[PDB]
Protein chains: 2
Amino acid sequence: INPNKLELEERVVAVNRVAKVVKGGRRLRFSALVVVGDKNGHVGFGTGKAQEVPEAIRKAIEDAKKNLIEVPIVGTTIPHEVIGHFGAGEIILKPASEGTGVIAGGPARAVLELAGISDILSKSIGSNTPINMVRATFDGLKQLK
Amino acid sequence: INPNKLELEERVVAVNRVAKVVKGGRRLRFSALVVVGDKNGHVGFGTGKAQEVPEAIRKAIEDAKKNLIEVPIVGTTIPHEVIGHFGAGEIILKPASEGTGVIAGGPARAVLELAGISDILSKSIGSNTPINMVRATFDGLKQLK
C-alpha cells in the first residue's frame, strides 16, 4: 500500500530501556514500538533501536510505514471471528454491535483504533506485554477475509 | 549559542497524557519535556504539545534548541554552590570531588549529564515532578559564574 498517499496517525505503544520499560525517558540504548494507521482500514506496526529515544521512534515509524496492511471493516466492526497468534501472544477478536466499544487492552486498542474499528470484543489468551499484544492482534487482522 | 554548530544529544524526560503521566504512549493530546546538550557545557530544555507523541517530541526539541545555555565546568564538576528555584521546584547543587557521581534524581541527572557534569551533589528541596526538577536545575546552572 503506498504510505505517502495516506494521512497516517502515529502512536508510540512502548519504549524500552534504562530501568527497562520506560515507555519514554533517558540513558544508553532504546527500542520503540509504534503503530501507524489512517482510521480507514490501513494499519502497520514497527520497531526501532538507537541510543536516543527520538531516533528509535523515527526508525520505528519508517518501519511501520513499510509494513502496512489493509483490513476489511463492516460498519464499525470486523466481518468475523479470528485468533491471532504470534510468539507468546494470542488474542481472540469478535464482531460486536454498534455501541460496544473496543473492549481490548491498550496496546491492542491502539492497533484496532488506528485500523478504524470502533466496536469489537477481544479476549487475550497469552502474553499481555505490548510487543506480544500488538504482533498477535496484527496476525488476527491479517487473517480476516 | 548556534545549535547547528553543536552535536546535540536529545533525551525525553517526560510525556504527558491519556492516563496523565505516560512518559510515552497513545490517545488525545500530549506534551513532551526534552533536554538536549553536547556534554561540553551547552544544555537547553523544551516543551512541546500536539495530538500525537512524535510531533510533541519534535516540537519540544525545536524549543530546547532555542533555549541553549552555556555552563562553566571545572574538571568534572561545577565551580561553586548554587540554589535553583523555579515555581514549586528548588534544588541545591554543590561541587563534588572526582569520583562522586551525579547524585541527583533522574530528571535532574538528565540535565546535569547533558551539560557535561559528572561529579556533583544535589539536594531537592521542592517538587520532584520532572518539569519542576528540570526548570529548577536549569535555574541553578544559569546562576554559576
# chains A, B, ... in the order shown; residues from 1 in each chain; ligands from 1
>>> residues_around(residues="residue 20 (chain A)", least_positions_apart="4", cutoff="10 Å", atoms="only C-alpha atoms", output="PyMOL selection string")
chain A and resi 15-16+30
>>> interface_residues(of="chain A", to="chain B", cutoff="12 Å", atoms="only C-alpha atoms", output="VMD selection string")
chain A and resid 8 to 16 18 to 19 21 to 30 32 to 36 50 to 61 106 to 111 113 to 114 130
>>> residues_around(residues="region 62-77 of chain B", least_positions_apart="2", cutoff="8 Å", atoms="only C-alpha atoms", output="compact mmCIF listing (two decimals) with N, CA and C atoms, in the first residue's frame")
# COMPACT_ATOMS: atom_id res chain seq x y z
N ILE B 1 23.60 30.77 21.43
CA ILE B 1 24.62 29.81 21.03
C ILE B 1 24.05 29.20 19.75
N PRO B 3 22.87 26.21 17.66
CA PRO B 3 22.66 24.79 17.81
C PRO B 3 23.30 23.99 16.70
N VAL B 34 11.85 17.69 26.94
CA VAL B 34 13.03 17.20 26.27
C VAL B 34 14.23 17.99 26.79
N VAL B 35 15.40 17.44 27.04
CA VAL B 35 16.58 18.21 27.42
C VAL B 35 17.59 17.88 26.32
N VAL B 36 18.33 18.81 25.74
CA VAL B 36 19.30 18.47 24.71
C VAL B 36 20.61 19.04 25.22
N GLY B 41 29.18 21.67 28.12
CA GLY B 41 28.74 22.89 28.72
C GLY B 41 27.60 23.53 27.99
N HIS B 42 26.81 22.84 27.17
CA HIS B 42 25.72 23.51 26.47
C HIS B 42 24.58 22.54 26.64
N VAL B 43 23.50 22.98 27.32
CA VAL B 43 22.23 22.27 27.60
C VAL B 43 21.08 23.22 27.29
N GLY B 44 19.91 22.73 26.94
CA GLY B 44 18.74 23.55 26.83
C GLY B 44 17.57 22.64 27.14
N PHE B 45 16.40 23.08 27.59
CA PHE B 45 15.27 22.16 27.71
C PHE B 45 14.10 22.75 26.95
N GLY B 46 13.11 21.95 26.62
CA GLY B 46 11.97 22.43 25.86
C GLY B 46 10.76 21.58 26.12
N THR B 47 9.66 22.15 25.74
CA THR B 47 8.34 21.60 25.97
C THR B 47 7.63 21.58 24.62
N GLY B 48 6.74 20.63 24.33
CA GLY B 48 6.04 20.57 23.06
C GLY B 48 4.64 20.07 23.33
N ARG B 58 9.09 16.37 18.64
CA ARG B 58 9.78 17.15 17.62
C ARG B 58 9.81 18.65 17.93
N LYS B 59 8.66 19.12 18.47
CA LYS B 59 8.42 20.50 18.90
C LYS B 59 9.14 20.83 20.17
N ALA B 60 9.20 19.90 21.12
CA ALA B 60 9.99 20.09 22.33
C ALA B 60 11.47 20.18 21.99
N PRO B 79 31.87 25.13 39.38
CA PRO B 79 32.74 25.97 40.12
C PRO B 79 32.24 26.30 41.51
N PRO B 95 29.66 21.40 44.22
CA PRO B 95 30.83 20.72 43.69
C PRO B 95 31.09 19.42 44.42
N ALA B 96 31.55 18.37 43.76
CA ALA B 96 31.89 17.14 44.42
C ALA B 96 33.20 16.72 43.77
N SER B 97 34.00 15.95 44.49
CA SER B 97 35.31 15.58 44.04
C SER B 97 35.17 14.48 43.04
N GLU B 98 36.16 14.39 42.18
CA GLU B 98 36.24 13.41 41.14
C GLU B 98 36.01 12.07 41.81
N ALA B 115 24.77 18.55 30.17
CA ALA B 115 25.63 19.72 30.26
C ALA B 115 27.06 19.21 30.26
N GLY B 116 27.37 17.99 30.69
CA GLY B 116 28.75 17.53 30.76
C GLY B 116 29.27 17.47 32.19
N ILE B 117 28.43 17.43 33.23
CA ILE B 117 28.92 17.40 34.60
C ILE B 117 28.97 15.94 34.96
N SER B 118 29.96 15.45 35.69
CA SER B 118 29.97 14.06 36.08
C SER B 118 30.07 13.86 37.57
N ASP B 119 30.48 14.83 38.39
CA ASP B 119 30.51 14.61 39.82
C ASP B 119 29.82 15.81 40.38
N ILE B 120 28.72 15.70 41.12
CA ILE B 120 28.01 16.83 41.73
C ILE B 120 27.05 16.27 42.77
N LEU B 141 21.92 26.25 37.21
CA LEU B 141 23.01 26.24 36.26
C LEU B 141 23.25 27.65 35.72
N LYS B 142 22.18 28.37 35.39
CA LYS B 142 22.27 29.74 34.92
C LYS B 142 22.87 30.74 35.89
N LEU B 144 25.57 29.95 37.84
CA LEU B 144 27.02 29.76 38.01
C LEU B 144 27.85 30.85 37.31
N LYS B 145 28.99 31.20 37.88
CA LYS B 145 29.87 32.25 37.34
C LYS B 145 31.22 31.58 37.09
>>> atom_distance(atom1="CA of residue 101 (chain A)", atom2="CA of residue 123 (chain A)")
13.7 Å
>>> residues_around(residues="residue 90 (chain A)", least_positions_apart="5", cutoff="8 Å", atoms="only C-alpha atoms", output="list in words")
residues 83, 84, 85, 124, 125, 126, 127, 132, 133, 136 and 137 of chain A
>>> residues_around(residues="residue 82 (chain B)", least_positions_apart="6", cutoff="6 Å", atoms="only C-alpha atoms", output="PDB file with C-alpha atoms, in the first residue's frame")
ATOM      1  CA  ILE B  92      20.728  22.885  45.781  1.00  0.00           C
ATOM      2  CA  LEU B  93      23.747  21.983  43.634  1.00  0.00           C
ATOM      3  CA  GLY B 140      20.762  26.855  39.242  1.00  0.00           C
TER       4      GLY B 140
END
>>> select_by_dssp(residues="chain B", states="strand (DSSP E or B)", output="VMD selection string")
chain B and resid 9 to 16 21 30 to 37 42 to 50 69 to 70 74 77 82 to 86 89 to 95 102 to 103 120 to 124
>>> select_by_dssp(residues="region 10-97 of chain A", states="alpha helix (DSSP H)", output="PDB file with N, CA, C and O atoms, in the first residue's frame")
ATOM      1  N   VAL A  53      15.943   7.983  22.401  1.00  0.00           N
ATOM      2  CA  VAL A  53      14.509   7.762  22.143  1.00  0.00           C
ATOM      3  C   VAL A  53      14.049   8.450  20.871  1.00  0.00           C
ATOM      4  O   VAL A  53      13.352   7.756  20.129  1.00  0.00           O
ATOM      5  N   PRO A  54      14.296   9.714  20.447  1.00  0.00           N
ATOM      6  CA  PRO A  54      13.673  10.242  19.247  1.00  0.00           C
ATOM      7  C   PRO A  54      14.066   9.438  18.001  1.00  0.00           C
ATOM      8  O   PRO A  54      13.171   9.089  17.222  1.00  0.00           O
ATOM      9  N   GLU A  55      15.340   9.046  17.809  1.00  0.00           N
ATOM     10  CA  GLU A  55      15.765   8.255  16.651  1.00  0.00           C
ATOM     11  C   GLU A  55      15.113   6.900  16.594  1.00  0.00           C
ATOM     12  O   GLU A  55      14.694   6.485  15.525  1.00  0.00           O
ATOM     13  N   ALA A  56      15.023   6.192  17.714  1.00  0.00           N
ATOM     14  CA  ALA A  56      14.385   4.893  17.800  1.00  0.00           C
ATOM     15  C   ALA A  56      12.937   5.071  17.435  1.00  0.00           C
ATOM     16  O   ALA A  56      12.418   4.210  16.726  1.00  0.00           O
ATOM     17  N   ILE A  57      12.258   6.161  17.813  1.00  0.00           N
ATOM     18  CA  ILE A  57      10.873   6.367  17.372  1.00  0.00           C
ATOM     19  C   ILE A  57      10.808   6.677  15.875  1.00  0.00           C
ATOM     20  O   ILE A  57       9.927   6.164  15.189  1.00  0.00           O
ATOM     21  N   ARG A  58      11.708   7.483  15.314  1.00  0.00           N
ATOM     22  CA  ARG A  58      11.731   7.823  13.901  1.00  0.00           C
ATOM     23  C   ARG A  58      11.883   6.599  12.995  1.00  0.00           C
ATOM     24  O   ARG A  58      11.274   6.494  11.916  1.00  0.00           O
ATOM     25  N   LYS A  59      12.727   5.661  13.472  1.00  0.00           N
ATOM     26  CA  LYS A  59      13.029   4.381  12.832  1.00  0.00           C
ATOM     27  C   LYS A  59      11.906   3.407  12.953  1.00  0.00           C
ATOM     28  O   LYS A  59      11.668   2.655  12.006  1.00  0.00           O
ATOM     29  N   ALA A  60      11.217   3.376  14.099  1.00  0.00           N
ATOM     30  CA  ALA A  60      10.026   2.554  14.252  1.00  0.00           C
ATOM     31  C   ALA A  60       8.914   3.038  13.334  1.00  0.00           C
ATOM     32  O   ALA A  60       8.186   2.240  12.743  1.00  0.00           O
ATOM     33  N   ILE A  61       8.784   4.344  13.119  1.00  0.00           N
ATOM     34  CA  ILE A  61       7.801   4.885  12.211  1.00  0.00           C
ATOM     35  C   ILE A  61       8.133   4.524  10.783  1.00  0.00           C
ATOM     36  O   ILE A  61       7.206   4.172  10.059  1.00  0.00           O
ATOM     37  N   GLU A  62       9.390   4.626  10.322  1.00  0.00           N
ATOM     38  CA  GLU A  62       9.743   4.236   8.962  1.00  0.00           C
ATOM     39  C   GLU A  62       9.461   2.793   8.725  1.00  0.00           C
ATOM     40  O   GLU A  62       8.996   2.462   7.653  1.00  0.00           O
ATOM     41  N   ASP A  63       9.753   1.939   9.688  1.00  0.00           N
ATOM     42  CA  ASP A  63       9.446   0.510   9.641  1.00  0.00           C
ATOM     43  C   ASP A  63       7.953   0.188   9.571  1.00  0.00           C
ATOM     44  O   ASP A  63       7.517  -0.605   8.740  1.00  0.00           O
ATOM     45  N   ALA A  64       7.112   0.742  10.434  1.00  0.00           N
ATOM     46  CA  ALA A  64       5.669   0.599  10.342  1.00  0.00           C
ATOM     47  C   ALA A  64       5.116   0.995   8.975  1.00  0.00           C
ATOM     48  O   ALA A  64       4.260   0.339   8.385  1.00  0.00           O
TER      49      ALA A  64
END
